[PDB]
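Here you get one chain, nothing else, as structure tokens; it is the form solved without its partner chain.
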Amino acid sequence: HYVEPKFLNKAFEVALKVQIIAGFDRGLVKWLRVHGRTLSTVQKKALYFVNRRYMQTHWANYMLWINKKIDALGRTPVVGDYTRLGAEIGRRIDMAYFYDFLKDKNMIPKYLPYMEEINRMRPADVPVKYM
């Protein structure tokens, strides 16, 4: 019955989300430098929202890897460790295939107010679920 609960200290979570959103956003900026001309402003905003929602829905799976590396430090972690790991995820996960699919299948989401609210959030405040 007992299973170790999943959670992370707020500072660590903030470091991870800031770096992950920054990396996904960098990848989207490059992708847009290639493909941006044909897209409307609201479609590009929708793609930024897609970055944040993407982090949200894959969060726990990423937490498996993050927890493995943290344990592999052999010591109590500090915020800098999560900053580095989050930047590694943001860099190493290439979202270009995903943008390509959304554009080529014309599935870029219609831009709605809740997407705008998520986009206006500080990356630190984007909610995530561990369990």
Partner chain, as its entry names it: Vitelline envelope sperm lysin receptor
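Residue numbers count along the first chain shown, from 1. We call the rigid core whatever largest set of C-alpha positions still superposes within 1.5 Å between the two forms.
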Notebook entry, point to check: After a rigid core fit, does 68 to 76 or 52 to 60 show more C-alpha displacement in 8 other deposited structures of this protein?
Noted result: 68 to 76
Check: Comparing 43 to 51 with 89 to 97, which has C-alphas lying farther from the shown form in 8 other deposited structures of this protein once the core is aligned?
Finding: 89 to 97
Margin query: Please compare 25 to 33 with 41 to 49 and say which has the higher mean C-alpha temperature factor in the record.
Written below: 41 to 49
Note to self: Please compare 53 to 61 with 80 to 88 and name the stretch with the higher mean C-alpha B-factor in the deposited structure.
What the structure shows: 53 to 61
Next item on the list: Report the third (lowest, middle or highest) to which the CA temperature factor of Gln19 belongs, ranking only the modelled residues of the same chain.
Entry: lowest
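One more form of this protein, solved in complex with its partner chain, exists but is not displayed; see below.
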Checklist line | Heavy atom of each of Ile21, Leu39 and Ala124 within 4.5 Å of its partner chain in the entry with it bound | finding: no
Notebook entry, point to check: Can any non-hydrogen atom of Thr83 be found within 4.5 angstroms of its partner chain in the entry with it bound?
Noted result: no
Next item on the list: Classify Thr57 as contacting or not contacting its partner chain in the entry with it bound by the rule of any non-hydrogen atom within 4.5 angstroms, answering yes or no.
Entry: yes
Notebook entry, point to check: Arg75: heavy atom within 4.5 Å of its partner chain in the entry with it bound?
Noted result: no
Check: Quick one: does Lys44 come within 4.5 Å of its partner chain in the entry with it bound, counting heavy atoms only?
Finding: no
